[PDB]
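[1] PDB entry and its sequence, pasted below:
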Amino acid sequence: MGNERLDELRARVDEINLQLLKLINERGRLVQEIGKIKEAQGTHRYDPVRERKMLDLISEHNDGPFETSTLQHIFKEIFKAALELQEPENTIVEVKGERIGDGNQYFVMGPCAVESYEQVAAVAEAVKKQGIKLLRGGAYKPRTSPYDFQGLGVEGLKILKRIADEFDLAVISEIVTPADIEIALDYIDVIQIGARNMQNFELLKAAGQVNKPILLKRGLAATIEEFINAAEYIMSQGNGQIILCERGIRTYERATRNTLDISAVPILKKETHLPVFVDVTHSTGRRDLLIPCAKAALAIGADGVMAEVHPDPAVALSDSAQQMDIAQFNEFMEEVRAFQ
Amino acid sequence: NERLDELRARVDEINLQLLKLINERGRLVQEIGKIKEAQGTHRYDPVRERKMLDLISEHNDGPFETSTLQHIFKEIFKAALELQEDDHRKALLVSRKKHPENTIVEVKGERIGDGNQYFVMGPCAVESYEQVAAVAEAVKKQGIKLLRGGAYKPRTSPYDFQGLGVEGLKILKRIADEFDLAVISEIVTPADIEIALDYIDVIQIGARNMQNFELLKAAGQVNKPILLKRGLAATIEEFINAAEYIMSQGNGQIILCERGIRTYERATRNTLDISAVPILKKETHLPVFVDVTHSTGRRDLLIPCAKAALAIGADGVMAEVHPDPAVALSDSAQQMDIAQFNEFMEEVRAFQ
Amino acid sequence: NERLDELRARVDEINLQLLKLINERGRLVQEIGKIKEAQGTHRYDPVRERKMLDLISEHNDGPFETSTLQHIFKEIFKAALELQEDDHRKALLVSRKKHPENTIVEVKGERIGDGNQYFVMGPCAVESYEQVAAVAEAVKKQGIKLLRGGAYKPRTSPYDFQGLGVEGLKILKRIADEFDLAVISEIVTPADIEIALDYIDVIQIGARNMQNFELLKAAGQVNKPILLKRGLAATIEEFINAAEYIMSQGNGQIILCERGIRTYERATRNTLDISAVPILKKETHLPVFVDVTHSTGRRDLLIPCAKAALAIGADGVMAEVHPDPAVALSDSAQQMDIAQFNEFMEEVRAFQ
Amino acid sequence: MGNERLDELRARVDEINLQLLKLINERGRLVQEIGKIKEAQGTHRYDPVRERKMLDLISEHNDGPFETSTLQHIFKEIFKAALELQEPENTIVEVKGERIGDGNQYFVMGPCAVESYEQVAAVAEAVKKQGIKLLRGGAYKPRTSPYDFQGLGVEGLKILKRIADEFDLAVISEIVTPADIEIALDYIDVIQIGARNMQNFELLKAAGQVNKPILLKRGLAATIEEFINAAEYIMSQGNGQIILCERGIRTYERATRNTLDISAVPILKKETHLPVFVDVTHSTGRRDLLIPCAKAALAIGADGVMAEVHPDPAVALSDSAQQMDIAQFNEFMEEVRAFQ
Ligand SMILES: O=C(O)C(=O)C[C@]1(C(=O)O)C=C[C@@H](O)C=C1
Ligand SMILES: O=C(O)C(=O)C[C@]1(C(=O)O)C=C[C@@H](O)C=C1
Ligand SMILES: O=C(O)C(=O)C[C@]1(C(=O)O)C=C[C@@H](O)C=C1
Ligand SMILES: O=C(O)C(=O)C[C@]1(C(=O)O)C=C[C@@H](O)C=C1
Ligand SMILES: [Mn+2]
Ligand SMILES: [Mn+2]
């Protein structure tokens, strides 16, 4: 039975959106032409006098529904864009044979921080036995308290490369400054951007410019819109090898470190066609939730799950209470293995 | 520059074409809002938006990147949404647009929202006659007319003190008469509304009950000032709409109280949202108070926050006083003893 | 290394001295908790903490920086606080520690929390016999026993459809009998609890009423399963404590429903908190459901989220179905039409 | 009348805290000694085998109240600190005669972004006439959307220095990367760290190492604890010239861009003895709230208020809807001036 009149009103709106689309772009072309003319004379692209003059035209005789302040905002967005302009199936990221976003489901495992060769070695052996190809380790660790461990740094990356080769593993690590992006290309297989750096644009650029998979974590308090925009930044600069990781978001809830937002996954999968992972360790911040949340994450259709393993977590240098020991890790794997 | 002028000429011609389509779009959107408002469907539809943005994306060949156009078009949809929201707010009895002049609530001679600034003071919970008596004496000496006390207390634990209940209301009426005070208390269920009319001068609805709609209705149906506290996690829109439930039932004697909102921040019990005050004062014609004790949850902030609240133009400030807070049965760490209260008063005497 | 050993020997000796003081400290803290729990004062006192940290700061000459010691001592105070919190949780009737074995609620043959997984399905609001009839037929064909419908609807606007009320409950009872279904509905005020017993099989408390304590009590006092939805902005602690109000009154037939929580995120009506489920299942002995329709507020997420919810070990999933959602009087964009529902069922058939 | 027994229990607890304080520090000394011994042999500071051995001792016969997992966490914090260790009246910041945190109340004013000489000049003239010494401008602007303006950069700093000299003003600007810290010393009087960079530790260090006032904005979603820790980082590295700015925090509320947290001010003032400012423009995100919120902020005892002014905001390149035009600014000043 339905609503004939709502549909037709919406039809009309759509039909207007296309008319708008066409005009904005013809406007675009004209703007390009103008830039060429201006730039030839060596005249600045941005003209606030000209903008004000155009806004005055828009503002005259406004008896449409909107406030004038509002219209000007709309038209201002248009002029911004004009200025900036003067100057679909699923993405796959192969890393060492893993075709992430193949539709299959991958696991990343390894210690929070890299602390020694023998440390990481211990883990690598254990994970390889679990048929995991993707290992992750913190060569650099972003550090909120004053007695936190910053990372071994390059010595870290060396250790990972060593392990990578030795054990036939793809190895993943966070990098924290544009300088170090370049350096890491030689040691690691995927570069991670931590959540605190989701809006470190310098770094994003830097990563946008290499031939390397990027693992971009969603910010502590980032909207999805924002997260997407950060990814599009990397891509817009050449690098389309991007994996998104949900890792929880910050809420009033104290039972959990962060609040895991599984809704994000299908949404991100739908709106970008990048693969999306979930970090069960840093979202919950709780050993007891790791397994359940992994399942959840698989069910909902994440491309992979990421968690942290360390041979003696009680003495680790980061995340003592969050990491799985190797026993805990094997139990964990048996149980999501049985997610069949 | 002959050619730059002539290019701008044409751009102008387009801006008008755009202007006209944006506005026609506006109108259709209003038509939709009316439908949505009738049938009670949420104003904001992200599934719908993404469907519209996919068409834009399926039909873009022009020069601008798709991510960029989508940004532009979102700003349009935002504005379309705000148009609807402002359209519904226009017609509410709680808005200034409906009732421009600002509402006054007389209680025992206090003309709240007259432009002056009033204080509500008293213990969190009513525990005994003598307890409240103690406080009342102290406050009266500070020229305060408005006393508040918890006849009923909503509680996180059911094993925590729930209130003396009616015995509570009796004690307050007694004090009211004895001390010539207007006396305020929270009531928690529609049944008890009726009963309280005999004892107290303003009925408070606690934050946890902001969306207990039956209680609202019940309160909407009496001849009594209501003091409506904003919910733990309520948008302003919502808070306003709860005030609408009350006015819609006949009662327009409503005072809004900001009392903080819930955030990730642990240093403070809640996060006091001072922005709300001038907003509520702009968007409605009701007086607005602030509860400094429950928002901060901290003795050390009571004073500062009161000043802040006066400065920003609150119609009043509300706080909690109790003769021995160490043994109080609620808010033992938050309440002012009588000394603390007199220090507090001397210091905000100086902010009107 | 002769000297390293002998230095470590001494460090060990200190670790024990520390161990012993930390524990004695623990005990004193428990003693304080008992006092605080008696008199109903908040467990966490930042003013108190800062007073303690100032002493540490006023007396530090040893080698460690003050900012560093304070960090250590905070971790101690955290643990002292958690000790109290876990002490109070121990003794609640809602905890596993009290009632280790897990609670079962039989409703019309469904043994909820038996370990199997149940589905609740039906329209947001009850609008007509034929409306609900339509849905009931469809769900029964999907082997579902548990039907839910809104006899009363809490609403942001008082001008939005509030519910048919009793006529609603009548319609549901009719359907229940006609179709051999257990039928669920929200009730919104203590008065109406009593009345509903005759019509429906489970009483729901909406999220906005999680801290409507009178309603809780009212529900605590009947022989009826209760479906308690977690508040918009409720901590887990709180949600559990609201379930305590009910059990404390006699009724232990309680089902907890997660239905999202409120966050800065606008893409979703609320943010579904899947973490809660296994937590609630660990910390209490009650079954836990998820409402996928109200948490996401999005047709496109209904399926995924259901799977997620089953996987994580929810005792059930609850969603909304309506024969023409475009004209529904609530949730027009959220509800599944019957096709959508059958697609939905075929796909989660495959997750138990 | 009171609670004699609660007081005495608390007394006892305090008396224990001091006993703990004394032992942790004697432990500290011993640890220092050990480091010297280890480092002489050229042995790594961190010994996970040794830590596990100590944790096993702690864990044996636990019939105190705490779980073992918990005790180990406590003791782990202690060992962390021991490892890191191997290796009060109010602060005043003079800038160009302003004795910020003098107890008086200062204003910072100026445009969001620096766009041209004449632009900033326009503003500077207007503010100087309002007796303001502190001018702020965005040489670098951190940039969430893809058509946002990044800043003129150095050309920006030059322009500010020019204005500073010309108009006898102290001039403030955000800097976004450690490299640029050094450069800016020559152009500006206070360096701002934006909120998105509150936990960019690289940058903090860099700023911790200069002789320059720093204006540190609190992060989008930062606890107070975190904000403080970021400040202590700068200080711990030499620079104690720090001004904290509250600028709102991110909440579910859509009527306001962010939610202004005035509670923070007195708290920060109490807990650090740094001056604290409030940014009324970026917290509310609303022209209509600027004035009220300024008052609030003054009342509550902020050391200063910061807001944004621009000669034609409708055409500005950032914050079009938030900035005050010069009229609006004068009205604004008259009204907080009348905060007497
Ligand atoms: O007309 C011009 O001078 C342009 O560069 C184009 C345009 C426009 O969008 O029209 C855009 C940016 C300028 O600041 C002014 C206007
Ligand atoms: O078509 C609708 O559903 C509308 O209300 C219109 C509209 C728009 O089209 O702007 C506005 C807000 C909604 O969130 C979706 C789209
Ligand atoms: O003395 C108190 O108020 C306590 O409950 C003890 C204690 C502690 O001392 O750990 C713990 C929690 C409070 O937030 C403050 C301090
Ligand atoms: O005993 C040692 O070897 C130390 O360096 C001291 C210490 C301790 O804190 O005892 C701290 C860190 C080391 O990882 C082991 C223990
Ligand atoms: Mn980690
Ligand atoms: Mn700005």
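    Nice, thanks for sending it over. Numbering: from 1, shown residues only, chains lettered A, B, ... in the order given. Ligands and ions are numbered 1, 2, ... in the order given.
[2] quick one, helices of the stretch 1-150 of chain A?
    A:4-41, A:48-59, A:68-85, A:117-129 (DSSP state H, counting those that start in this stretch).
[3] for those helices, which one sits closest to ligand 4?
    For ligand 4, the closest of these is helix A:117-129, at 12.9 Å, according to Cβ to the nearest ligand atom. All C-beta spots, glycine's among them, are computed from the backbone N, C-alpha and C.
[4] determine the set of other helices and strands touching the closest one.
    Helices and strands touching helix A:117-129, by 3 or more Cβ pairs under 8 Å, 6 or more residues apart in numbering or on different chains; DSSP states H and E, are strand A:106-110, strand A:134-136, helix A:154-167, helix A:326-337.
[5] mean neighbour count for the helices of the stretch 1-150 of chain A - can I get that in TSV?
    Listed next are the helices of the stretch 1-150 of chain A as TSV, based on neighbours: other Cβ atoms under 10 Å in any protein chain shown:
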stretch	mean neighbour count
helix A:4-41	15
helix A:48-59	16
helix A:68-85	20
helix A:117-129	18
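[6] using TSV, please lay out these together with distance to residue A:164.
    Putting the helices of the stretch 1-150 of chain A into TSV (distance: least, Cβ to Cβ, whole Å) gives the following:
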stretch	distance to residue A:164
helix A:4-41	47
helix A:48-59	54
helix A:68-85	40
helix A:117-129	9
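[7] for the stretch 51-200 of chain A, what lies in contact range of ligand 5?
    Applying Cβ under 5 Å from the ion, we find that the stretch 51-200 of chain A lies next to ligand 5 at residue A:112.
[8] run through the residues of the stretch 51-200 of chain A sitting next to chain D.
    By Cβ under 8 Å from any Cβ of the partner chain, the part of the stretch 51-200 of chain A that sits against chain D consists of A:51-52, A:55, A:69, A:72-73, A:76, A:79-81, A:83-84, A:115, A:119, A:142-147, A:150, A:176-177, A:196-197, A:199-200.
[9] could you give the backbone dihedrals for the closest residue to ligand 3 within the stretch 201-340 of chain A?
    Closest residue of the stretch 201-340 of chain A to ligand 3, Cβ to the nearest ligand atom: residue A:254 (13.1 Å). Backbone torsions of residue A:254, given as degrees, to the nearest 10, read phi -90, psi -20.
[10] please name the nearest non-neighbouring residue to it.
    Once flanking residues are discounted, residue A:254 sits nearest to residue C:235: 6.8 Å by Cβ to Cβ, 6 or more residues apart in numbering or on different chains.
[11] and the helix or strand containing residue A:305, how far out from the chain's middle?
    Using DSSP states H and E, residue A:305 falls within strand A:304-308. When distances are taken as Cα atoms, centre = their mean, to the nearest Å, strand A:304-308 is centred 15 Å away from the chain's centroid.
[12] direction included, what does that strand pair against?
    Looking at strand A:304-308 with DSSP bridges, its partner strands are strand A:106-110 (parallel), strand A:276-279 (parallel).
[13] make CSV out of those and add mean neighbour count.
    Shown next, in CSV, are the strands paired with strand A:304-308 (neighbours: other Cβ under 10 Å):
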stretch, mean neighbour count
strand A:106-110, 25
strand A:276-279, 26
